[PDB]
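Have a look at model15.csv below; it lists CSV, N, CA and C atoms.
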chain,number,residue,atom,x,y,z
W,1,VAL,N,-13.6,94.4,0.7
W,1,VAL,CA,-12.8,95.5,0.2
W,1,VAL,C,-11.5,95.1,-0.5
W,2,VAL,N,-11.6,95.1,-1.8
W,2,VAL,CA,-10.5,94.7,-2.7
W,2,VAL,C,-10.0,93.3,-2.5
W,3,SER,N,-10.4,92.4,-3.5
W,3,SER,CA,-10.3,91.0,-3.3
W,3,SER,C,-9.1,90.4,-2.6
W,4,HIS,N,-7.9,90.7,-3.1
W,4,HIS,CA,-6.6,90.2,-2.5
W,4,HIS,C,-6.5,90.5,-1.0
W,5,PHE,N,-7.0,91.6,-0.6
W,5,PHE,CA,-7.1,92.1,0.8
W,5,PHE,C,-8.4,91.5,1.5
W,6,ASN,N,-9.5,92.0,1.1
W,6,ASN,CA,-10.8,91.6,1.6
W,6,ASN,C,-11.9,91.4,0.5
W,7,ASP,N,-12.8,90.5,0.9
W,7,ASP,CA,-14.2,90.3,0.5
W,7,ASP,C,-14.9,89.4,1.5
W,8,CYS,N,-15.6,90.0,2.5
W,8,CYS,CA,-16.3,89.2,3.6
W,8,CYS,C,-17.8,89.3,3.5
W,9,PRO,N,-18.5,88.2,3.9
W,9,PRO,CA,-19.9,88.2,4.3
W,9,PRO,C,-20.1,89.0,5.6
W,10,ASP,N,-21.4,89.2,6.0
W,10,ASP,CA,-21.7,89.9,7.2
W,10,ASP,C,-22.6,89.2,8.2
W,11,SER,N,-23.7,88.5,7.7
W,11,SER,CA,-24.5,87.6,8.4
W,11,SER,C,-23.7,86.3,8.7
W,12,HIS,N,-23.1,86.2,9.8
W,12,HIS,CA,-21.8,85.5,10.1
W,12,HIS,C,-20.8,85.9,9.1
W,13,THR,N,-19.9,86.8,9.6
W,13,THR,CA,-18.8,87.4,8.8
W,13,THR,C,-17.6,86.6,8.8
W,14,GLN,N,-17.8,85.3,8.5
W,14,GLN,CA,-16.8,84.1,8.6
W,14,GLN,C,-16.3,83.8,10.0
W,15,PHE,N,-15.9,84.8,10.7
W,15,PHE,CA,-15.5,84.8,12.2
W,15,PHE,C,-16.6,85.0,13.1
W,16,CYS,N,-17.4,86.1,12.9
W,16,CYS,CA,-18.3,86.6,13.9
W,16,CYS,C,-19.8,86.6,13.4
W,17,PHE,N,-20.7,86.4,14.4
W,17,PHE,CA,-22.1,86.4,14.1
W,17,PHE,C,-22.7,87.8,13.6
W,18,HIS,N,-22.5,88.8,14.4
W,18,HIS,CA,-22.8,90.2,14.1
W,18,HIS,C,-21.6,91.1,14.0
W,19,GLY,N,-20.8,90.7,13.0
W,19,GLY,CA,-19.5,91.5,12.7
W,19,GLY,C,-19.5,91.9,11.2
W,20,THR,N,-18.6,92.8,10.9
W,20,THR,CA,-18.2,93.2,9.6
W,20,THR,C,-16.7,93.0,9.4
W,21,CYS,N,-16.3,91.9,8.8
W,21,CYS,CA,-15.0,91.4,8.9
W,21,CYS,C,-14.0,91.9,7.8
W,22,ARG,N,-12.8,92.1,8.3
W,22,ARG,CA,-11.6,92.1,7.5
W,22,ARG,C,-11.1,90.7,7.4
W,23,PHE,N,-11.7,90.0,6.5
W,23,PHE,CA,-11.2,88.7,6.0
W,23,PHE,C,-10.0,88.9,5.2
W,24,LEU,N,-8.9,88.9,5.8
W,24,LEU,CA,-7.5,89.0,5.2
W,24,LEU,C,-7.3,87.8,4.4
W,25,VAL,N,-7.8,87.9,3.1
W,25,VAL,CA,-8.0,86.8,2.1
W,25,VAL,C,-6.7,86.0,1.9
W,26,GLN,N,-5.6,86.8,1.7
W,26,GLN,CA,-4.3,86.2,1.5
W,26,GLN,C,-3.7,85.4,2.7
W,27,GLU,N,-4.2,85.7,3.9
W,27,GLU,CA,-3.9,85.0,5.2
W,27,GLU,C,-5.0,83.9,5.5
W,28,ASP,N,-6.1,83.9,4.9
W,28,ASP,CA,-7.3,83.2,5.2
W,28,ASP,C,-7.9,83.4,6.6
W,29,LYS,N,-7.7,84.7,7.1
W,29,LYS,CA,-8.1,85.0,8.4
W,29,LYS,C,-9.2,86.1,8.5
W,30,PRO,N,-10.4,85.8,9.0
W,30,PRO,CA,-11.4,86.8,9.3
W,30,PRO,C,-11.3,87.4,10.7
W,31,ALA,N,-11.3,88.7,10.8
W,31,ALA,CA,-11.4,89.5,12.1
W,31,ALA,C,-12.3,90.7,11.9
W,32,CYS,N,-13.0,91.0,13.0
W,32,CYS,CA,-14.4,91.7,12.9
W,32,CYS,C,-14.4,93.2,13.4
W,33,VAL,N,-15.1,94.0,12.7
W,33,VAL,CA,-15.8,95.2,13.3
W,33,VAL,C,-17.2,94.8,13.7
W,34,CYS,N,-17.4,94.6,15.0
W,34,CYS,CA,-18.8,94.3,15.5
W,34,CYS,C,-19.8,95.4,15.1
W,35,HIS,N,-21.0,95.0,14.8
W,35,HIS,CA,-22.1,95.9,14.4
W,35,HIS,C,-22.4,97.0,15.4
W,36,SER,N,-23.1,98.0,14.9
W,36,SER,CA,-23.5,99.1,15.8
W,36,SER,C,-24.3,98.7,17.0
W,37,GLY,N,-23.7,98.8,18.2
W,37,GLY,CA,-24.3,98.5,19.5
W,37,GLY,C,-24.2,97.0,19.8
W,38,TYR,N,-23.2,96.3,19.2
W,38,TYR,CA,-22.9,94.9,19.6
W,38,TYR,C,-21.4,94.7,20.1
W,39,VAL,N,-21.3,93.7,20.9
W,39,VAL,CA,-20.0,93.3,21.6
W,39,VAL,C,-19.5,91.9,21.3
W,40,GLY,N,-18.3,91.7,21.6
W,40,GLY,CA,-17.3,91.1,20.7
W,40,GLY,C,-16.7,89.7,20.9
W,41,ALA,N,-15.4,89.6,20.6
W,41,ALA,CA,-14.7,88.4,20.3
W,41,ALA,C,-15.3,87.8,19.0
W,42,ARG,N,-16.4,87.1,19.1
W,42,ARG,CA,-17.1,86.5,18.0
W,42,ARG,C,-18.5,87.3,17.7
W,43,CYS,N,-18.5,88.5,18.0
W,43,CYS,CA,-19.6,89.5,18.0
W,43,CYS,C,-21.0,88.8,18.1
W,44,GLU,N,-21.2,88.2,19.2
W,44,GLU,CA,-22.4,87.4,19.5
W,44,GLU,C,-23.5,88.2,20.2
W,45,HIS,N,-23.0,89.2,20.9
W,45,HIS,CA,-23.8,89.8,22.0
W,45,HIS,C,-24.1,91.3,21.7
W,46,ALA,N,-25.2,91.8,22.1
W,46,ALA,CA,-25.5,93.2,22.1
W,46,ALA,C,-24.8,93.9,23.3
W,47,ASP,N,-24.4,95.2,23.1
W,47,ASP,CA,-23.7,96.1,24.0
W,47,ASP,C,-24.6,96.2,25.3
W,48,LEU,N,-24.1,95.4,26.3
W,48,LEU,CA,-24.6,95.3,27.7
W,48,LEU,C,-25.9,94.5,27.8
W,49,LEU,N,-26.8,94.7,26.9
W,49,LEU,CA,-28.0,93.9,26.7
W,49,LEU,C,-27.7,92.6,25.9
W,50,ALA,N,-26.7,91.9,26.4
W,50,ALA,CA,-26.1,90.7,25.7
W,50,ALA,C,-27.0,89.8,24.9
Encoded form (structure tokens):
Amino acid sequence: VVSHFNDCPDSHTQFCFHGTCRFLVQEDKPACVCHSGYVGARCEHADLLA
């Protein structure tokens, strides 16, 4: 979302496995919206069904 702010991959979203990241491009920092029914930090796990 808008190059200067974001443009992130999703299949490993730079930070997370199953995330949709705000790769703060100007900061070089990816941080994630975990996918529908997944859990977090590095969005590795499904919700409860890890």
Query raised in the report: Which polymer residues have any atom within 6.5 Å of an atom of residue W:37, counting all atoms listed in the file, with same-chain residues fewer than 5 positions away left out, as a PyMOL selection string?
Result: chain W and resi 45-47
Export of the given selection (N, CA and C atoms) as a PDB file, in the frame of the given file:
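Saved to again_35.pdb:
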ATOM      1  N   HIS W  45     -23.000  89.200  20.900  1.00  0.00           N
ATOM      2  CA  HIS W  45     -23.800  89.800  22.000  1.00  0.00           C
ATOM      3  C   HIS W  45     -24.100  91.300  21.700  1.00  0.00           C
ATOM      4  N   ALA W  46     -25.200  91.800  22.100  1.00  0.00           N
ATOM      5  CA  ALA W  46     -25.500  93.200  22.100  1.00  0.00           C
ATOM      6  C   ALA W  46     -24.800  93.900  23.300  1.00  0.00           C
ATOM      7  N   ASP W  47     -24.400  95.200  23.100  1.00  0.00           N
ATOM      8  CA  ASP W  47     -23.700  96.100  24.000  1.00  0.00           C
ATOM      9  C   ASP W  47     -24.600  96.200  25.300  1.00  0.00           C
TER      10      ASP W  47
END
Report task. Find the residues around residue W:10 up to 7 Å (all atoms listed in the file counted), leave out those fewer than 4 positions away in its own chain, and share them as a list in words. Result ->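 With the cut-off at 7 Å, the set is residues 14, 16, 17, 18, 19, 20 and 21 of chain W.
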Query raised in the report: If you measure from atom C of residue W:26 to atom CA of residue W:38, what distance in Å do you get, rounded to one decimal?
Result: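 Result for atom C of residue W:26 versus atom CA of residue W:38: 27.3 Å, one decimal.
Distance-wise, atom CA of residue W:8 and atom CA of residue W:22 end up 6.8 Å apart.
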I'd like the contact shell of residue W:23 - 5 Å cut-off, only N, CA and C atoms, skipping same-chain residues fewer than 3 positions apart - returned as a PDB file with N, CA and C atoms, keeping the file's coordinate frame.
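Wrote out-v1.pdb, looks like this:
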ATOM      1  N   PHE W   5      -7.000  91.600  -0.600  1.00  0.00           N
ATOM      2  CA  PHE W   5      -7.100  92.100   0.800  1.00  0.00           C
ATOM      3  C   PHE W   5      -8.400  91.500   1.500  1.00  0.00           C
ATOM      4  N   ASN W   6      -9.500  92.000   1.100  1.00  0.00           N
ATOM      5  CA  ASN W   6     -10.800  91.600   1.600  1.00  0.00           C
ATOM      6  C   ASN W   6     -11.900  91.400   0.500  1.00  0.00           C
ATOM      7  N   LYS W  29      -7.700  84.700   7.100  1.00  0.00           N
ATOM      8  CA  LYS W  29      -8.100  85.000   8.400  1.00  0.00           C
ATOM      9  C   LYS W  29      -9.200  86.100   8.500  1.00  0.00           C
ATOM     10  N   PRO W  30     -10.400  85.800   9.000  1.00  0.00           N
ATOM     11  CA  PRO W  30     -11.400  86.800   9.300  1.00  0.00           C
ATOM     12  C   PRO W  30     -11.300  87.400  10.700  1.00  0.00           C
ATOM     13  N   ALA W  31     -11.300  88.700  10.800  1.00  0.00           N
ATOM     14  CA  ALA W  31     -11.400  89.500  12.100  1.00  0.00           C
ATOM     15  C   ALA W  31     -12.300  90.700  11.900  1.00  0.00           C
TER      16      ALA W  31
END
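Atom CA of residue W:3 is positioned 7.2 Å from atom CA of residue W:25.
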Report task. Go through chain W and collect every residue that DSSP, computed from the backbone, puts in strand (DSSP E or B); the answer should be as a PyMOL selection string. Result -> chain W and resi 11+18-24+29-34+38-39+45-46
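Of the listed residues W:1, W:7, W:13, W:28, the one whose atoms come nearest to residue W:44 is W:13, with distances taken using only C-alpha atoms.
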